[PDB]
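Notes for the one structure printed next.
Bear in mind that the values in this text are calculations on the coordinates, not laboratory data. Ideal geometry is used to build each Cβ from the backbone, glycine not excepted, and the neighbour counts take in all protein chains shown.
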Amino acid sequence: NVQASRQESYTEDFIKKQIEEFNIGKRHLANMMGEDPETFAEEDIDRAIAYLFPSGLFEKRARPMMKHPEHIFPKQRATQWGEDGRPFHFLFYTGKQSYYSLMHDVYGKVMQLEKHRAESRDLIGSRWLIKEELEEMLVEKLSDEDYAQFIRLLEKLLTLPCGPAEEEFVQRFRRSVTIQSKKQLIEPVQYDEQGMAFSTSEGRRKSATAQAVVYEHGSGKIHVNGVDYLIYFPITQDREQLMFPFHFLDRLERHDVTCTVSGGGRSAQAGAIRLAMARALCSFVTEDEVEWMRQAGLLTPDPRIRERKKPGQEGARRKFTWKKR
Amino acid sequence: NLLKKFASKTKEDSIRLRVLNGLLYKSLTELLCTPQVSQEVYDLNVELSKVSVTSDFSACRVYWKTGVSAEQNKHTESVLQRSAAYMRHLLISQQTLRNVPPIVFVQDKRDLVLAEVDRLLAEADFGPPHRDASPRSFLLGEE
Amino acid sequence: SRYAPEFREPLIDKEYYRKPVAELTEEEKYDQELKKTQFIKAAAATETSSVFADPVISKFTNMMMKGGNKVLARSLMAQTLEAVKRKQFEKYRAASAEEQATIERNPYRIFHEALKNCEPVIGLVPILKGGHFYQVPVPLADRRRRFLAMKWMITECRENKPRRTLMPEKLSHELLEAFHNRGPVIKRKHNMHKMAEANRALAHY
Amino acid sequence: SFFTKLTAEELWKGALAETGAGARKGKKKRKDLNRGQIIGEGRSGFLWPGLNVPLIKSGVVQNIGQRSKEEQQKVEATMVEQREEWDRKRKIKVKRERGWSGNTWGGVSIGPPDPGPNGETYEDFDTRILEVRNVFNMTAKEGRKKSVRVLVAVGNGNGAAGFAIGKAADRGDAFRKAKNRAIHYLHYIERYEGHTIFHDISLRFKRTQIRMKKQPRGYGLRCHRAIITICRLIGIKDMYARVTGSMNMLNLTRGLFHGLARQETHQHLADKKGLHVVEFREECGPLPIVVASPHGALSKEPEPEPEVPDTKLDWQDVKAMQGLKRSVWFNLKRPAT
Amino acid sequence: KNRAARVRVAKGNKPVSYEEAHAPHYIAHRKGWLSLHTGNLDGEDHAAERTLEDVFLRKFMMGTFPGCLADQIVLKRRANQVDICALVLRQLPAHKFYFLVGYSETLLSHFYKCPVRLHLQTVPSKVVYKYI
RNA sequence: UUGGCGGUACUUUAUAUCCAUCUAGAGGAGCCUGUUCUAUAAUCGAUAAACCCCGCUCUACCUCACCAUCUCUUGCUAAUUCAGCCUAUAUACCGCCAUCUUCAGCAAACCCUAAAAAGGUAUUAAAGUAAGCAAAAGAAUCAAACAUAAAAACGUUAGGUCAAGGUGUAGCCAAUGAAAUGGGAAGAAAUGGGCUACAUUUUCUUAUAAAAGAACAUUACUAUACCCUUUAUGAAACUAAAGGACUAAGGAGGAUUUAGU
Ligand SMILES: [K+]
Ligand SMILES: [Mg+2]
Ligand SMILES: [Mg+2]
Ligand SMILES: [Mg+2]
Ligand SMILES: [Mg+2]
Ligand SMILES: [Mg+2]
Ligand SMILES: [Mg+2]
Ligand SMILES: [Mg+2]
Ligand SMILES: [Mg+2]
Ligand SMILES: [Mg+2]
Ligand SMILES: [Mg+2]
Ligand SMILES: [Mg+2]
Ligand SMILES: [Mg+2]
Ligand SMILES: [Mg+2]
């Protein structure tokens, strides 16, 4: 009562033919695009396939691909025994020959260190590989209990005296922690025809966008869209929003700003200018100050934007009245 | 049969529930004023706000006056709950009630709130005054 | 919210960032180093390092705003402060040297001391038990106690005023009359406390 | 309109109404209307070279044509005959043989078990059903779910036989599960001279008592209908058996195989005691027949012969030899088994 | 529950093709469009007429090749040219396909007054994406 | 021996969540609109949650299916003792959906048991294993995140829809079909939703939401009704818009209830 076909297992003979067909494919794709077959590479292949078979499907897994068989197929679906039927690995009948073969090596290392007999922080800012990464190294499915047990054994190895061989071993299972630098990207300092220094930066609040041009030396003259700021912004709260960047760094009356804000309303345009001024003013302040701006909210774009209306309800969140029952 | 026995793996209600609640509170208060239940339970010096028996009679809920310290209350909770099964035994054995429901211990922090209000209230500014099953189709060749 | 939970509220205190490193408590010192590896929310449109920004008054402005009309609500509060300053200047000039000392002409200090005089220590939460309404004495938090003072002021002026009077003229007359502990809002606080006394026995319920 | 016309797959889905509120919680039959249609054949009878007629005939390139009114009527009638003939084929069926009754599954052959993992065919094995229970159980899917428990037996008629229980929601699935499970539990049953058990067998499996007796050739299978079914699978041709107590089919099947697989062959008895096993047939006179000789060393101590044996006798067996009248139901004329 | 263009789950024995497996919300994500014309682009006219021609062209091809279509046809319009790309099972003899192509091309070229070409890719049997 | 069952509590978990807290509403007035009722010669369907500005992103004729009157009888097509039918059954169905629901489950192939009515977990591991569908992931809102959409199986409600279309069974065929003209009315009624107002954080005017000058309780605020003019579409104004006066009620709404993180 089974019609669903067996999950396909790939013989080494099958993958071997898939690699000869791919190798002949590269020579043909190279001949089509007029490139040299010897130097034709995986990057050139992907670019050629995108030109010859343009697909605009959003998901990239569904687009045409001519990749090396090692990539498209799973890495190790090969037979685990020979013609006679004798498995190749002495731990085959465990069902996790690769997980237990690794736990066999690390347990033997631990025993030699304990029998044979400094700071253990040889590597810092590193993490243990996640289960998904481990499963990729072993090429076999692991459970959470199997991963948890593997880490405990690796930790015990670090606790004990470790020669350079052990340190290299544990290194394989340590992945450098991603380094996201939460530090503002300082803008360059250009020079005008007059020779005065000035920096420029963009800012976006709601639908408003601004392009400020702060000058290193000035008397505090801010011009928005070729107008003064008291005229352009008759509301105090809009002017206070322009005061926040300079007042915070005690730099009032020391710079000359030229703004160009298009889009949005009065408050959204002041907010867009505030960010544009804070980002341009970074080039003329110390790095310790740039961090004080970043930590006071002056350098982060505000992500709050109007939410779309939903069909079947009065608003983005407002619902139609629940008729009286 | 000891192992088998002790493994144990497998308007009427309104007036009745105003007597069981009063009596159970009267009885459990006496149980906790002596080391009879345990020495740990005697030293906790626990007080009982009230007892509430469910309408189904599934459980008997005993409200005990919680204290200020969470650690003191967390300890008291564990000790009281562990002995609740034993406390029920003692009430059936002294013949307080023939049938007693599983005892559950609920916290009563209300006594702290009332003390707080009186503190503020004194300090407040009041102001101046068959066909398919059968082989017939199989044996006829239809299938 | 469009801010992931990892984002941190911005700190807009000018003196705090410029303090000497040694003057900062190690707890505060730790947070600064930690925040260097965190995400910071963008500052609100009404959040500035201005020396004239008072959080209490800014909150009072938002509780008067209707339909997102902040310009009008801020204008009414600005007119109120001026109406209170002008009412004390007249009294100060028309008073003897001895009386002049007591008279307070700072509107920001009359506003804060007015609200504080209208804050109720205890509250009343209405409950229904056995088909009747038994409201019982309750204790109020610092947030609930402040909200009630502001709400009671904005509601006395909005409703119990003549038709042709304006909010800057009724609110000014109440901040000053509350500042002396004689206004109707103060009576609202007194009535709350006196009812709680009456319901002392019903606190158990 | 030509644009309101739907395909056959959608038309039959609606008309049959198989998926519906009534169907699931409580007859129309599907037909294929393109079965006999040959591309290029229409009511008008046109002949299209390269589609419904030869493109070239006797070296002549054909042209379009139309059949005469008489010729087309013949073709129309011929197709009507083929449709009626096809319908007659659908009506015609090959009836299978019943078991112990016409409406019961007991005794019904369901074929050999399926091939094994490496093309291990079992065409020499036959499968027989012994009990089929249709029981409704309680599960959240439908409140009360349905289940079919089927006990089967398998055997090659040459000493190898086995039984298994298969359960499923569908009867077909229970048949498959039981049939392939039983091929993994094959007992080998020892038959004396290929037609009977080596000796009398009496046993009680739970509350089911079985009492088998070794019989001469031509005696046939005078046993419970379920024992006849299994004995044919095992290959026993002549035996008597009586079943008493409970008639539970599983206890009778388990108890039968338990006794038949624990029986002592003559060679085993010769090896255990070291003596010759001799057979005396009344149709061969006093002639001693040697049926088993000890494999190792023949003993010289005669087996002790008691004056009066202490055997425990069954009243049912002895009662007959005591001259007591049997029931009217005993030893009736029955068809060859 | 949504019932639109969803080939519902059976018991693992139903062979669905790639096109049938994917529900409507996967259009432009995992599966493309069966017809490609310029009539639904912004500031373009004659969407109604191009769509009506497509409906007919699909019903015509099903009836002209009854039981011989492995998957839905793909219609491609360039200038006034129409191109029909159909996956067809290898059931009919080879010469019969040449007849239906010559017939279906000429008939649809004189009916819509455009050059129409038929492109047939023959498969040994329907291609099964998954068993559902 | 399984399942079911509770009007079962305690403990966690979360919920614009029962209650509590917060904001603007509904419930009162005037209107717009759906429904029920009354009622008409005069449709139909939805009508607890999950109907009630619902099929309609829409009814002056048309639309139209209704009522009255008159008229046609091979009466759209190549052919057909045929065409045609908004005739009955959504309790025969397809199609396309609602509801629990962004709830976490549904289904099949094997293996095991001193027999199985069933069950099958122990991680320092004791019989379970390996594939599906949903969730998850991925993709979309054109950096990034978050959020929002989309997605959401099997079942539950014989839930909705024979009137989108198609269709099983039964029924009409000088009529239950086709076509033309004229009509399809109203309410001292109840009720759902929406709109506007009840004003001073207001009204009018210029600018523009900045500021300024006036108005500010008897019609001051205040009619998207009625009535009267003019313009727009149309063949037809019975429709819509703009003025004009006329102006009544309304003074922030009892229990109760809706939405929002
Ligand atoms: K349906
Ligand atoms: Mg809104
Ligand atoms: Mg019979
Ligand atoms: Mg009409
Ligand atoms: Mg009409
Ligand atoms: Mg009709
Ligand atoms: Mg239904
Ligand atoms: Mg209905
Ligand atoms: Mg994405
Ligand atoms: Mg998902
Ligand atoms: Mg129904
Ligand atoms: Mg008619
Ligand atoms: Mg204004
Ligand atoms: Mg006109």
Within the bounds of the range D:105-113, is there any residue that is within 12 Å of RNA strand F (Cβ to nearest atom), away from chain B (no Cβ under 13 Å) and farther than 30 Å from D:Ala160 by Cβ?
-> no
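Taking the conditions exactly as written (more than 16 Å from RNA strand F (Cβ to nearest atom) and either among the hydroxyl-bearing types (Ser, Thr, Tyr) or part of a loop (DSSP other than H, G, I, E, B) (or both)), does A:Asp36 satisfy them or not? Spell out the reasoning first.
Numbers: more than 16 Å from RNA strand F (Cβ to nearest atom): yes; either among the hydroxyl-bearing types (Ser, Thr, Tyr) or part of a loop (DSSP other than H, G, I, E, B) (or both): yes.
Yes: the conditions hold for A:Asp36.
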Taking the range A:171-206 and keeping residues touching a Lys or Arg at 6+ places or on another chain (Cβ under 7 Å) and exposed (fewer than 12 other Cβ atoms within 10 Å of the Cβ) leaves A:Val177
Filtering the range B:74-90 down to residues that are crowded, with 16+ Cβ neighbours inside 10 Å, of a type in the set (S, T, N, Q) and assigned to a helix (DSSP H, G or I) yields B:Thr76
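Considering each of A:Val224, A:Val214 in turn, give the residue that is more than 14 Å from every other protein chain (Cβ to nearest Cβ), surrounded by 24 or more Cβ atoms within 10 Å (Cβ to Cβ), over 28 Å from the mean Cα position of the chain (by Cα) and not aromatic (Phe, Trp, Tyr). Give the steps one after another, and end with the answer.
Numbers: A:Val224 fails: surrounded by 24 or more Cβ atoms within 10 Å (Cβ to Cβ).
Testing whether each residue is more than 14 Å from every other protein chain (Cβ to nearest Cβ), surrounded by 24 or more Cβ atoms within 10 Å (Cβ to Cβ), over 28 Å from the mean Cα position of the chain (by Cα) and not aromatic (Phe, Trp, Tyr) leaves just A:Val214.
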Do we have A:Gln241 as crowded, with 19+ Cβ neighbours inside 10 Å, farther than 15 Å from A:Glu202 by Cβ and facing chain C (nearest Cβ under 9 Å) here?
-> yes
Is it the case that D:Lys319 is surrounded by 10 or more Cβ atoms within 10 Å (Cβ to Cβ), of a type in the set (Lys, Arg) and within 27 Å of D:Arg211 (Cβ to Cβ)?
-> yes
Among the residues of the range A:60-89, count how many are closer than 22 Å to A:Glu21 by Cα and loosely packed, with under 13 Cβ neighbours inside 10 Å.
-> 8
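Applying the selection to the range C:104-130, what residues are farther than 15 Å from C:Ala198 by Cα, among the aliphatic types (A, V, I, L, M) and within 14 Å of chain B (Cβ to nearest Cβ)?
We begin by selecting, within the range C:104-130, every residue farther than 15 Å from C:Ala198 by Cα; these are C:104-121, C:127-130.
Checking which are among the aliphatic types (A, V, I, L, M) leaves us with C:110, C:114-115, C:121, C:127-128.
Once the filter is applied, which keeps residues that are farther than 15 Å from C:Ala198 by Cα, among the aliphatic types (A, V, I, L, M) and within 14 Å of chain B (Cβ to nearest Cβ), the range C:104-130 yields C:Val121, C:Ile127.
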Hits in the range B:41-96 - residues which are within 10 Å of RNA strand F (Cβ to nearest atom) and within 14 Å of chain C (Cβ to nearest Cβ) = B:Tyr63
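In the range A:235-252, is there at least one residue being touching a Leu at 6+ places or on another chain (Cβ under 8 Å), over 24 Å from A:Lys182 (Cα atoms) and away from RNA strand F (no atom under 16 Å from the Cβ)?
Applying the first criterion (touching a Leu at 6+ places or on another chain (Cβ under 8 Å)) to the range A:235-252 yields A:239, A:243-246, A:248-249, A:251.
Among the residues that remain, those that are also over 24 Å from A:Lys182 (Cα atoms) are: A:239, A:243, A:251.
Restricting the remaining residues to those that are away from RNA strand F (no atom under 16 Å from the Cβ) gives A:243, A:251.
Looking for residues that are touching a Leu at 6+ places or on another chain (Cβ under 8 Å), over 24 Å from A:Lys182 (Cα atoms) and away from RNA strand F (no atom under 16 Å from the Cβ), one finds at least one in the range A:235-252, hence yes.
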Filtered residues of the range E:1-30 (kept if in contact with a helix residue (DSSP H, G or I) (Cβ under 6 Å, 6 or more places away or on another chain) and within 14 Å of chain A (Cβ to nearest Cβ)) = E:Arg30
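D:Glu190: surrounded by fewer than 20 Cβ atoms within 10 Å (Cβ to Cβ) and under 30 Å from D:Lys312 (Cβ atoms), yes or no?
Values: surrounded by fewer than 20 Cβ atoms within 10 Å (Cβ to Cβ): yes; under 30 Å from D:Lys312 (Cβ atoms): yes.
Criteria met by D:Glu190.
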Of the residues in the range D:115-131, how many are touching a helix residue (DSSP H, G or I) at 6+ places or on another chain (Cβ under 6 Å) and either more than 15 Å from RNA strand F (Cβ to nearest atom) or in a loop (DSSP other than H, G, I, E, B) (or both)?
-> 1
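Evaluate the following for C:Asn117: is it closer than 30 Å to C:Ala73 by Cα and surrounded by fewer than 17 Cβ atoms within 10 Å (Cβ to Cβ)? Steps first, please.
Numbers: closer than 30 Å to C:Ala73 by Cα: yes; surrounded by fewer than 17 Cβ atoms within 10 Å (Cβ to Cβ): no.
No: the conditions fail for C:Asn117.
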In this structure, is B:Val41 part of a helix (DSSP H, G or I), surrounded by 13 or more Cβ atoms within 10 Å (Cβ to Cβ) and aliphatic (A, V, I, L, M)?
-> yes
Restricting the range C:9-47 to residues that are within 7 Å of chain A (Cβ to nearest Cβ) and of a type in the set (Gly, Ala, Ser), which is surrounded by the fewest Cβ atoms within 10 Å (Cβ to Cβ)?
-> C:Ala45
Every pair of residues 6+ apart whose Cβ atoms lie under 6 Å, when the first sits in the range D:109-129 and is under 22 Å from D:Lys95 (Cα atoms) while the second is of a type in the set (D, E, K, R) and buried (at least 20 other Cβ atoms within 10 Å of the Cβ) | D:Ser109/D:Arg128; D:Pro113/D:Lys179; D:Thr127/D:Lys179
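Quick grid of which residues meet (1) surrounded by fewer than 10 Cβ atoms within 10 Å (Cβ to Cβ); (2) assigned to a loop (DSSP other than H, G, I, E, B); (3) in contact with a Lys or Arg (Cβ under 8 Å, 6 or more places away or on another chain); (4) among the small types (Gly, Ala, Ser):
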{"site": "D:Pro286", "(1), (2), (3), (4)": "yes, yes, no, no"}
{"site": "D:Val290", "(1), (2), (3), (4)": "no, no, no, no"}
{"site": "D:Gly296", "(1), (2), (3), (4)": "yes, yes, no, yes"}
{"site": "D:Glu307", "(1), (2), (3), (4)": "yes, yes, no, no"}
{"site": "D:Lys325", "(1), (2), (3), (4)": "yes, yes, no, no"}
{"site": "D:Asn331", "(1), (2), (3), (4)": "yes, yes, no, no"}
Quick check: is even one residue across the range A:267-285 touching a strand residue (DSSP E or B) at 6+ places or on another chain (Cβ under 6 Å), closer than 14 Å to A:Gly203 by Cβ and part of a loop (DSSP other than H, G, I, E, B)?
-> no
Filtered residues of the range B:104-143 (kept if over 42 Å from the mean Cα position of the chain (by Cα), facing another protein chain (nearest Cβ under 7 Å) and part of a helix (DSSP H, G or I)) | B:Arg136, B:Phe138, B:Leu139, B:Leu140
Can you tell which of D:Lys91, D:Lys95 is within 14 Å of another protein chain (Cβ to nearest Cβ), under 28 Å from B:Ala133 (Cβ atoms), within 16 Å of ligand 3 (Cβ to nearest atom) and surrounded by fewer than 12 Cβ atoms within 10 Å (Cβ to Cβ)?
-> D:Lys95
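For A:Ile231, indicate whether it is surrounded by fewer than 17 Cβ atoms within 10 Å (Cβ to Cβ), within 12 Å of chain C (Cβ to nearest Cβ) and more than 16 Å from ligand 2 (Cβ to nearest atom).
Working: surrounded by fewer than 17 Cβ atoms within 10 Å (Cβ to Cβ): yes; within 12 Å of chain C (Cβ to nearest Cβ): no; more than 16 Å from ligand 2 (Cβ to nearest atom): yes.
It is false that A:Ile231 is surrounded by fewer than 17 Cβ atoms within 10 Å (Cβ to Cβ), within 12 Å of chain C (Cβ to nearest Cβ) and more than 16 Å from ligand 2 (Cβ to nearest atom).
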Of all residues in the range C:183-205, which are within 10 Å of chain B (Cβ to nearest Cβ) and assigned to a loop (DSSP other than H, G, I, E, B)?
-> C:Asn199, C:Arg200, C:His204, C:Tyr205
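Matching residues to (1) surrounded by 15 or more Cβ atoms within 10 Å (Cβ to Cβ); (2) more than 16 Å from ligand 3 (Cβ to nearest atom); (3) closer than 24 Å to A:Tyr191 by Cα:
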| position | (1), (2), (3) |
| --- | --- |
| A:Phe248 | yes, yes, no |
| A:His255 | yes, yes, yes |
| A:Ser267 | yes, yes, no |
| A:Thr286 | no, yes, yes |
| A:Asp302 | yes, yes, no |
| A:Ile305 | no, yes, no |
| A:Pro311 | no, yes, no |
| A:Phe320 | no, yes, no |
| A:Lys323 | no, yes, no |
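One residue is enough: does the range A:225-244 have a residue meeting the conditions more than 16 Å from ligand 3 (Cβ to nearest atom), outside any loop (DSSP other than H, G, I, E, B), charged (D, E, K, R) and touching a strand residue (DSSP E or B) at 6+ places or on another chain (Cβ under 7 Å)? Even if it seems obvious, please write down each step before you answer.
Of the residues in the range A:225-244, the ones more than 16 Å from ligand 3 (Cβ to nearest atom) are A:225-244.
From what is left, the residues that are outside any loop (DSSP other than H, G, I, E, B) are A:227-232, A:236-244.
Next, only the ones that are charged (D, E, K, R) stay: A:228, A:238-240.
Among the residues that remain, those that are also touching a strand residue (DSSP E or B) at 6+ places or on another chain (Cβ under 7 Å) are: none.
No, the range A:225-244 has no match at all.
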